[PDB]
DNA sequence: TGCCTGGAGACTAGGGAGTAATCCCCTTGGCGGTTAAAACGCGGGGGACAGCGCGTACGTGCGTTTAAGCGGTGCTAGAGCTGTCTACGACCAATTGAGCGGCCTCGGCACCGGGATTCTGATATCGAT
DNA sequence: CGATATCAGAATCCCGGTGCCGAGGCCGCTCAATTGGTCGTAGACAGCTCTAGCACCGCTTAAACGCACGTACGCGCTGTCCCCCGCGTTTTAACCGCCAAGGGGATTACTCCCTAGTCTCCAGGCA
């Protein structure tokens, strides 16, 4: 069994651990660090896809395209804060037409 | 035993720059020319800001450079201002600037 | 009095007292149907963000897609995929929703329409239904029909390549007359990706009053026509001595 | 409650340094809201850095690090 | 002088995506100026990364890195 | 290398029947690489600022409580703690 | 315990550019902050460049490109010149 | 007689329609070939005989349009300020100056 | 004798731009910090320089915000800054 | 009963694990 | 179809992380005086604000004209990356002077002081109605 | 009575006298920068493989261009009314001063347990 199973994760703890060691983040890396980081990245991936899948179903679609990721990220204030300086290819924008523009 | 700074003709500490490049975990290895070049650039930007700050000190008729002279150096020069546009300088104040529509 | 029956009656080809001497139509018919439309791609998802009421209807239930409906403000009817389903009030053309109106004779200019009951402003009256002409047949219809002695011509420029012609067949709106002080106007409405023209009230029309709109007419033929309404500031002549199209 | 301690004259003096010739009486409560939001955002991080070292005392470096973290690099303390 | 290829209706279209209802006729040159400045800043850095690699083709990585350096992270090409 | 396969496997937990396009996958791949670098770079700074020599779970935990917003931070911290708890068993 | 500071070097450069001028410790503290910050910015970009080229060594060239990406305008040309000039003397 | 027209769309009705149209879709707005020439042109000033990955221009266009959209959104807020509606250069210059560019 | 409206305002602008002192009173700001902070960790101790750094950063932030709000009011052809100008300067600054 | 143009979906294919 | 690389299992050396004890820097709390700033009130000047009317420049529309994309054929620069091997940087001991700390010394500055010019905000001659 | 000006008097900036505190130079010695040598490997170099990028061509057609023209908008001005500024008096707490307690950050010796580096097994996955 892989470390992912011991952590109860889908994400590759082996690769995270390898990248933390090889990416010069420190002269050595703790064994708990790649597990905790893998779990965090996996969790945010799930939260993003939960919201993108909802946005797809709210459009009655069955496949997540870039727009569903943009709609998902921009409709939540916290993910919008985290990803407020991120351009998403093929993302577009929320309508948000200002009231003084409507007749 | 001429120090690396002497050998490079710099005033800045090439030895210390080499230590920090090695122990700051920027990379697995650090070439011998890297700390020399980096020290030389830090020296250049230090000379540039002190040039403008000393000039500002004379313009204020002060013998010493206080934080205000650094602020008036950095904010007047277009290139230092772009390089440091996000920096806050303690005890530095701001450039005198009154918008045209406000005065009579 | 209208008596819309499939058996044609006795009239001298003027459709004035019996609208069934010639042939009449209930919706716009096309001649050169296109497989190059807007409907499948562009209008497919531009619906209003109006939250659908799920339990408040018929009693203390406000109508879905009122004047807050963005599509309504933009002169677009909601598509079949409107979030309100069949409770949407912005699908009036699609539902064949008309107003109570009668066709009568008022002036020597011709027949016209009157409101049978009280009508508020911004009330949808009728769609301008007719035959949609192409670039080739419009310029043929105009030059061939003048020598056929038609008294009225019902050509309306819908787009660069869409011209409505109510000459052979048209619904009850083919009779709305020109007024310099009108109570209705001709609005361009997009329905399911199809452009349509609709008549809408501009002021409060009392029960039994004549309905009229501002004919934004032009004179295409060699002949000159004149209007006899004469309310207060009637121009009387179509387009001056212009030569447009 | 201490946010009222950011007095009307102090907000005015900040506006004056900012070159503001005239100030609406509604500016004071909005400046308070904006200042409190900014300081909460910086202190939450400076306290996070403090808790990391398990220290009881917030240092000048924790404040600098929280500011650098927010891109507000502050010069004069480290 | 290909900056004129950024046509009036294309600029309008970007403004429409931006929710702009009405546009002044002077905006087209201001927008061409602003876009040329933005691209100058991005391309100069993407080229810097390209030269460091001793490459000649500017890769999508050189662009994503230049944009990331500019503080505008781009997702989709990395 | 890419996190793509793990992203796709994670997608089936939250939405067992939905698919994801290649471009959207490219976005999720870029997003994972980005947040990885934000947390790892921040953990690197946290260790260096404390003159420590190793990135521990505590360093990741703080780099998260710093990087993520308030409610999301509490959730991420909970999943990180639970993962290290099971892994140490 | 002995703490790192750029004070003596900042002062040496000061005594080269304005020999009849001094500098207060608040200003020295700012100079320290500036040299430390710019050091971390240049070294951080040199690190990132090494990572992108998949290189283990930060060389004089990684520093050069980092300085070029980081500094604006003509200031970048001067900095790259001073760097090359010092590396030239150090090579001999 | 002759032809008549439905009245002209009220001003702003097509503008709001184009807003909905271009906010609803996700696609590149600037003509790809003209933009690819602009990108090559300004690259010539920095390095002679450069070449580009196709994906690199796609990325530069996504970045440019995301920048101009974020710019026009803040500009439109500037134009809604001052109690008006029409975007003007003074609004772009203000959005940039406030943003910090 | 009385100065005309805004004359002393322009005079104050010059006095406060020409100086470098901290405009907020030290004790009120220090207590504000200690009251906001108490809600992240209980009874936190503070280095005097920590409070000083927080005040320097807060005043530079508010001064820069006011400089940008001034341009907002000026853009609206006004001279008086109002909440709508701060809220615009922040929305464009990204907050 | 009514559907949109498939070209909308052709421009962005599903993720292939192989 | 095979097999290979990546990942995990066991052990290993040694050095980073942690406890327990202590010092003692500097922070929190305390008190009271001084005096400056904040609070509080007021009059009335200038500005926010609305309303109105006006001139044009902006959109909405149309017909005409171009060149943006498809798609295709064809060249080949140069991206990618595999092997060699050598100049390089990492590491360690033995070594020594640079530069941090803790120490004075004295002149640069902040400040008090009284007068000169500045500026602002009125008051007044040639003008004209 | 009009249009374009004269003096008061609060602010300000200057030239000079003062002392105080911190910038600057000094002296010691820690400790880390240097030297000199050895060593393993990162990457410079030479060379090959081909996939992407560049180039020219032609059709098609939707887009952009040019111009019509109507009327909504942005603008300049008039008015008013209200709230903000400038100022004087009153209220009080911010700041300075000296002080003391004791917390708790920085330091130390020693322990130990954790990770890196190594070597071996083997299973998930490229066409």
Cα-based convex hull volume of the protein assembly as shown per residue, rounded to whole Å³
247
Ranking I:62, C:238 by Cβ neighbours within 10 Å, fewest first, what do you get?
C:238, I:62
If you line up the long axis of helix C:135-145 against the longest principal axis of chain C, both from Cα atoms, how many degrees apart are they, to the nearest 10?
40
Nearest 10, in degrees from 0 to 90: the angle of helix B:67-76 to the longest Cα principal axis of chain B is 80
Would you calculate, for the protein assembly as shown, the mean residue ellipticity at 222 nm contributed by helices, counting each DSSP H stretch of 4 or more residues as -39,500 (n - 2.57) and dividing by all residues, to the nearest 500?
-16000 deg cm²/dmol
Could you work out the percent of alpha carbon pairs in the range C:105-245 separated by over 25 Å, rounded to a whole number?
30
Cubic angstrom per residue, convex hull over Cα atoms of the range H:13-99:
126
Between residue B:98 and residue A:2, what is the label-to-label distance in nm when each label sits 7 Å out along the Cα-to-Cβ direction?
7.0
Percentage relative contact order, chain C, counting C-alpha pairs under 8 Å, at least six apart:
20
To make sure I understand, if each residue's beta carbon is the centre and we count other beta carbons within 10 Å, what order do C:68, C:165 fall in, fewest to most?
C:68, C:165
Evaluate E = 1/(1 + (r/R0)^6) for residue G:24 and residue H:55, where r is the Cβ-Cβ distance and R0 equals 35 Å; express this FRET efficiency to the nearest 0.05.
0.10
Pull out the extension gain between residue C:180 and residue C:34, defined as 0.36 nm times the separation in residues minus the alpha carbon to alpha carbon distance; nm, one decimal.
48.9 nm
Relative contact order of the range A:3-101 (C-alpha contacts under 8 Å, at least 6 apart) in percent is 18
Kindly provide log₁₀ I(q)/I(0) values, in the same order as q = 0.13, 0.16 Å⁻¹, from the Debye equation applied to equal alpha-carbon scatterers of the range C:1-86.
-0.74, -0.80
Could you calculate, for chain C, the ratio of the Cα radius of gyration to the Kirkwood radius, expressed as Rg to Rh?
0.98
Rough spin-label spacing in nm, given labels placed 7 Å along Cα→Cβ, for residue C:73 and residue E:26:
2.9
Calculated P(r) tail over 16 Å for chain B, as whole % of Cα pairs:
68
Alpha carbon centre of the range C:169-245 versus the range I:70-90: separation in Å?
49
Between the Cα axis of helix F:22-49 and the main Cα principal axis of chain F, the angle (0 to 90°, nearest 10) is 0
Förster-model FRET efficiency, 51 Å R0, residue D:41 and residue C:25, C-beta, rounded to 0.05
0.15
Before anything else, pin down the relative contact order of chain E: Cα pairs under 8 Å, at least 6 apart, normalised by residue count, whole percent.
21
For chain G, just the Cα set please: Rg and Dmax, both in angstrom.
15.5, 48
Give the residues of the range C:199-229 whose amide nitrogen is closer than 19 Å to a point set 7 Å from the Cα of residue C:145 in the direction of its Cβ.
C:215-227
Could you please tell me the mean projected area of the C-alpha convex hull for chain E, averaged over all directions and given in square nanometres to one decimal?
6.4
Inside 10 Å of the C-beta atoms of B:10-22, what's the mean count of C-beta atoms belonging to other chains?
4
For residue C:121 and residue C:235, what is the calculated FRET efficiency with R₀ set at 35 Å and r taken between the beta-carbons, to the nearest 0.05?
0.90
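Rule-based calculations on the coordinates, nothing more; no lab input. When we count neighbours, we look across all protein chains shown, and the Cβ atoms used for this are built from the backbone with ideal geometry, even at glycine.
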